[PDB]
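> build me a model:
(3 chains)
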Amino acid sequence: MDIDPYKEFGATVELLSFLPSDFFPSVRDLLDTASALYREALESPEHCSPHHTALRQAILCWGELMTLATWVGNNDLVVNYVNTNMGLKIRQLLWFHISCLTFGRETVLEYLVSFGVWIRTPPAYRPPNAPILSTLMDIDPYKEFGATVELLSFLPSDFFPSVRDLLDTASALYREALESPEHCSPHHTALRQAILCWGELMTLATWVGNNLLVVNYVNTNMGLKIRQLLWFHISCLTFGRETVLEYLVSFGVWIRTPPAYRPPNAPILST
Amino acid sequence: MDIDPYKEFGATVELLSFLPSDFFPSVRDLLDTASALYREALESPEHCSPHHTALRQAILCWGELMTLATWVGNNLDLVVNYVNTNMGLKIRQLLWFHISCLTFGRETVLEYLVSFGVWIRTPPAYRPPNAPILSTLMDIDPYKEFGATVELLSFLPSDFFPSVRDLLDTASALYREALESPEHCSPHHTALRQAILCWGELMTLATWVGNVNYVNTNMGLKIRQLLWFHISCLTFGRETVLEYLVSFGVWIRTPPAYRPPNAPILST
Amino acid sequence: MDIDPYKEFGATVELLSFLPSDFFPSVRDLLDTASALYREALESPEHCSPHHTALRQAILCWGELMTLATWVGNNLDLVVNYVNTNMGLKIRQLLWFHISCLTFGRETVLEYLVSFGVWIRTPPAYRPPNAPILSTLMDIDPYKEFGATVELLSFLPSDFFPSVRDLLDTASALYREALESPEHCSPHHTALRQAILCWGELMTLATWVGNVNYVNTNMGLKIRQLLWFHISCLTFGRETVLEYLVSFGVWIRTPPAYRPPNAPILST
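Numbering: from 1, shown residues only, chains lettered A, B, ... in the order given. Provided below are the atomic coordinates:
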């Protein structure tokens, strides 16, 4: 399934490859820019802008990535490879949303074009200096959706279906909605990054075993966090948001009771 | 989950560290003050103030810490100087704070801990020898204020309740934003805060007693009866579990081959 | 420029010499009082009182002085008695004043410093043995109440701020009738009186230690940031310098051969 992380905002991935490779800041201060500007707005229980919902995943997908690289770092060429192709996508994804929140969306969309033609003209027949952009931290991944990380661990660990058929439910119902250039929901824009976070995670896992069992390690630490992040958004896109949140309460306290004093069927989601 | 016992009243457990460890009276002198001033208020079926709702679970927790200390005192002197060093020192802070808020009002005590906070902080050459003091102005059913009695809830069998770790993780998953919030929001929310900290005292002791696990057989039931009740009064309402306990009462009392084979189910 | 820390708040420096040296509680016992009562308001990003702005810088002045005293303990016990006599005692007054002015109000402390005057002036055969004590009504971001953070000002490089003598001469030439006045007139002036006086204590300690040129690259840089930010907040306004700080952020983060070679100068 094709999915584009910038296409709902107005740019494409092709427009973000227009600028050169070594233009975007190295990803140490792009996190430190968001930590210094609106750390209190990313950690808020609101999703007040669609750049904020996409930024809370791209930060956590970088955190979900480096723990995999350090684990195969202990068992180096495996951290040196992330900055080649795996972290260059995150450097673009963090720069585009920080600049969207600071300087507006339509200003930076015309900046990507104006810097691109500036670096491509000959030196003597261009403006002498580049047209600069200036106008002159723990994150719960679904705190803004009401639930908490503890509430999704209230359910048993071997309850959520596998990633192989969770994406198949996304690829059978929400394909035209996820590939559309509109947001249409805060659940959709959190689900577009949730597939690419698993997609960029899978290309690293089938690289470190290919060149140098990492499939066991990714499917018990990082596979469990993707299995519930996909399941929470698919179920909110199907049965509504304020039916799944009462379902974790209902299915939570159902399994805590003794079996002779609970109704015998689990309260499964249906309409 | 880490809850503060005084947070909903306007003081912190670090703010009561202004007072020294031996400023508080003995536990008998604090119980006799409540028995002389507020005996009839802690029996009556009305939670007339949120200090009364928390003073009952501070007394009944001491009623379980002393039956535990008496039981290990013969089935091995070394337990009573440990209970009255940190297990009973927290109860003395809890008993002193709620009685002094009941007589002198809450707002006077919140300025008294600060007025003591400048007396003990000044050096002895420049502080008055008159320490600051306040002069301005028994059985307890743990949920008779909520409607049900303890013998009304004894009809439920011992295996009806979930385990104590399953009930701590139920309140922590459902409402930890309300149990750590600095307001009351319910009398069940007041009583559930000290019901969890009472289990902390029973487990900090029983771990140290091991350095044998009958505490879950008799003392773990009364926490599980209280943890299930106050959770179900917030998940379903007060009257929905109050009319459930009557309807379980006629089911458990009839002999077999005259009852439905499935127990009644609390929902909606 | 002879600036005064208490003259804005009503008292003077010599009026606080009514109290003796060994009356103030220790710097350990004063910071435990501040964090117990005012931690949700001292770390808050608001301007809640001018006592809070003076207290936010008084803790970080001691937090920078104790780093220097710990640093000189290695690269040479003989400095702890110095930093408790001259500094210490000078910062125990500023911590005692703003904690007691926050708690008991500002006008009660000014009638208390007079009332300890009459108790200390009388001969000992006629004064009461009790002191007339008053009882009736953690990390801090020094920029957070103004809008900026510490890490927002880490983007500016170390060769960007002028030297301390060039930045103190800018103060006494531009703002001297407003700094020496007994009015606040801004939250920036109150935060600027403490940054100048904290540099007076750092250069006093650094002189006696040399009786050490790292002060202006580990601790003087923090003074060079604080003196630059508050002078620019008064000269160009507060919103303009906070808007310029995000425009230096997108400049200093872009690599060379992609940024304009001229830095985005502060204007207006």
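
> burial of residue A:163, as a residue count?
By other CB atoms under 10 Å in any protein chain shown, the residues close to residue A:163 number 18. All C-beta atoms are positioned from the backbone trio N, CA, C, and that covers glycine.

> which residues of the stretch 51-200 of chain A lie near chain B?
A:150-151, A:153-154 (CB under 8 Å from any CB of the partner chain).

> give me the buried subset of the residues you listed.
Neighbour counting with 16 or more other CB atoms under 10 Å in any protein chain shown marks A:151, A:154 as buried within those.

> can you put the residues of the stretch 51-200 of chain A next to chain B in TSV and add secondary structure?
Below are those laid out as TSV (DSSP: H, G, I helix; E, B strand; the rest coil):
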residue	secondary structure
A:150	helix
A:151	helix
A:153	helix
A:154	helix
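
> which one of the residues of the stretch 51-200 of chain A next to chain B is nearest to chain B?
Closest approach to chain B among those (CB to the nearest CB): residue A:154, at 4.0 Å.

> and the closest one, what is it in contact with?
Counting by CB atoms under 8 Å, 6 or more residues apart in numbering or on different chains, residue A:154 touches A:248, A:252, B:169-170, B:173.

> at 6 Å what do you get?
A:248, A:252, B:173 (CB atoms under 6 Å, 6 or more residues apart in numbering or on different chains).

> distance of it from chain C?
With distances taken as CB to the nearest CB, to the nearest Å, residue A:154 is found 30 Å from chain C.

> thinking again about what came up before, closest to chain C among the residues of the stretch 51-200 of chain A next to chain B?
Of these, the one sitting nearest to chain C (CB to the nearest CB) turns out to be residue A:150, at 23.7 Å.

> what strand or helix carries residue A:109?
For residue A:109, the element it lies in under DSSP states H and E is helix A:105-118.

> touching chain C at all, that helix?
No: using CB under 6 Å from any CB of the partner chain, no contact is recorded between helix A:105-118 and chain C, whose separation bottoms out at 8.3 Å.

> and that helix, what does it pack against?
Helices and strands touching helix A:105-118, as assessed by 3 or more CB pairs under 6 Å, 6 or more residues apart in numbering or on different chains; DSSP states H and E, are absent.

> got a list of contacts for it?
With CB under 6 Å, 6+ apart as the test, helix A:105-118 has contacts from A:10-11, A:15, A:18-19, A:99-100, A:126, A:130-131, A:133.

> who wins on neighbours among the residues you listed?
When neighbours are taken as other CB under 10 Å, the top entry among the contacts of helix A:105-118 is residue A:100 (23 neighbours).

> what angle do the one helix or strand it maps to and helix A:105-118 make?
Using DSSP H and E, residue A:100 falls within helix A:87-103. If you take axes from the mean of the first three to the mean of the last three CA atoms, to 10 degrees, helix A:87-103 sits at 120 degrees to helix A:105-118.

> okay, helix A:87-103 in CSV with CA atoms only?
Extracted in CSV, the C-alpha atoms of helix A:87-103 (Å, rounded to 0.1, in the frame of the first residue of the first chain):
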residue,chain,number,x,y,z
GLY,A,87,17.2,9.1,9.6
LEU,A,88,17.3,11.4,6.6
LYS,A,89,13.6,10.8,6.2
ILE,A,90,13.2,11.9,9.9
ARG,A,91,15.4,14.9,9.3
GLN,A,92,13.1,16.0,6.5
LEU,A,93,9.9,15.1,8.5
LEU,A,94,11.0,17.1,11.6
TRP,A,95,12.2,20.1,9.6
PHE,A,96,9.1,20.4,7.6
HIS,A,97,6.7,20.4,10.5
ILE,A,98,8.7,22.7,12.8
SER,A,99,8.9,25.2,9.9
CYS,A,100,5.2,24.7,9.3
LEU,A,101,4.3,25.5,12.9
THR,A,102,6.7,28.4,13.2
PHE,A,103,6.4,30.2,9.8
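
> what is that helix packed up against?
Against helix A:87-103 (3+ CB pairs under 6 Å, 6+ apart) you get helix A:29-37, helix A:50-74.

> if you set the cut-off to 8 Å instead, what comes out?
Applying 3 or more CB pairs under 8 Å, 6 or more residues apart in numbering or on different chains; DSSP states H and E, one finds that helix A:87-103 contacts helix A:29-37, helix A:50-74, helix A:105-118, helix C:238-252.
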